[PDB]
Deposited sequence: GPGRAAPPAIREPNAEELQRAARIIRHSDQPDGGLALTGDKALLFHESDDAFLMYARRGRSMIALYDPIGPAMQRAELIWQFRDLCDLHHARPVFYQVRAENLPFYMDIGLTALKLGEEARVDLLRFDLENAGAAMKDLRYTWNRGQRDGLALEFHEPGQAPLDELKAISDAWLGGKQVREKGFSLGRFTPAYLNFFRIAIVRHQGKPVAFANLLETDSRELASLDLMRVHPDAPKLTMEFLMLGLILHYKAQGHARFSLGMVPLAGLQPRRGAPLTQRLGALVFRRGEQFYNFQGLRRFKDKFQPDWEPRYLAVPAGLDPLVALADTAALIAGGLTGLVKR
């Protein structure tokens, strides 16, 4: 069986086209080039994945139309069997579980994704959360914070490096601070009285269903408000652009409201994020995202049914680390 390999420049351009035509901006993670790409037999869909131990671990649901996603999942099962490897899907949506169920996988809760409904979102709405946001926006501007947007390839790289350096690659589920990769994206920069203090690359598609985040890095010496200001600014930006939803990203299990007495399928997923003698607890991450009144949806780890998931969990942990 032919060797699993990283994509070439041409394959990446094909992925990019597919992402643009999709409603799944998070497919942009493919563009780092550190994940193998499995293309649907029409180049209208793709699945991205990496190998760790005897697991082949896909990142997210496949990118593309519904039928092609379902077909790529069966393809991937075949491909894993061909390589004597177990299939694993990292961070997938509930609506696709029946497809994973059909290729013989069960699922473990991994965490929850926060998405803002941009249509219903409004700073003048009732409640304390909006009041606090209105304060952040005004105070922020009063204090010399300003958000700017750059078309792909136009952000001043060397000013980004400064920020990125102070704030510090894990890969797979994360973007890479490289020109090659960042050149694919619109980039937002927060300046404090002219000085760059945070940035974020923006994951979009040609449609306005969904925009989301990849790298978001703030200077350690930036004003405390900087990260909230940036996020609020992005939400306001995409609301104004006519986008429907904006994704704030996932909070893993241990960062959610605790649930002892919960069955193991809703607990074992924490094993993906261990830090020495301790689980990553992601303190405050959930609280921060909740500032924007998102909606929350579970994300799952799909793993072989009937078999002890510890080994798939170990492989996923190594991959994510």
**Request:** Go through the deposited sequence from residue 1 and tell me which stretches lack C-alpha coordinates, in order.
**Result:** 1 to 6, 175 to 180, 334 to 342
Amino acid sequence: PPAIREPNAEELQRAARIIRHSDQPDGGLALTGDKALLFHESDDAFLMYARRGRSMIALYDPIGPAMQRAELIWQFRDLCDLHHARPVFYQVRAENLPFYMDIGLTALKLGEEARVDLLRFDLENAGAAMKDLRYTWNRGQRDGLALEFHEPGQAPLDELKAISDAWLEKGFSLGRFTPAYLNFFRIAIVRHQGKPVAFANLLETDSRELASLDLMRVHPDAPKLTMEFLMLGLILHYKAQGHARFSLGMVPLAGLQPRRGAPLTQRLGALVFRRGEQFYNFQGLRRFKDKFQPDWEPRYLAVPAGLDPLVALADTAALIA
From here on, numbers count along this sequence of modelled residues.
**Complete:** Going by the entry, of stretches 265 to 273 and 282 to 290 the one with greater average Cα B-factor is 282 to 290
**Request:** Return whichever of 231 to 239 and 152 to 160 has the greater mean Cα B factor according to the PDB record.
**Result:** 152 to 160
**Message:** Can you tell me which of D61, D295, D43, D26 has the maximum CA B-factor listed in the PDB entry?
**Reply:** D43
**Request:** Specify which of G111, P87, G104, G127 carries the largest Cα B factor in the deposited PDB entry.
**Result:** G127
**Message:** Is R14 in the lowest, middle or highest third of its chain when residues are ranked by C-alpha B-factor?
**Reply:** highest
**Asked** Relative to the other modelled residues in the chain, which third contains the C-alpha temperature factor of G249: lowest, middle or highest?
**Response** lowest
**Request:** Please rank the C-alpha B-factors of the chain's modelled residues and tell me whether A66 sits in the lowest, middle or highest third.
**Result:** highest
**Request:** Tell me, lowest, middle or highest third: where does the Cα B factor of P258 rank within its chain?
**Result:** highest
**Prompt:** Which third of the chain does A180 land in by C-alpha B-factor: lowest, middle or highest?
**Reply:** highest
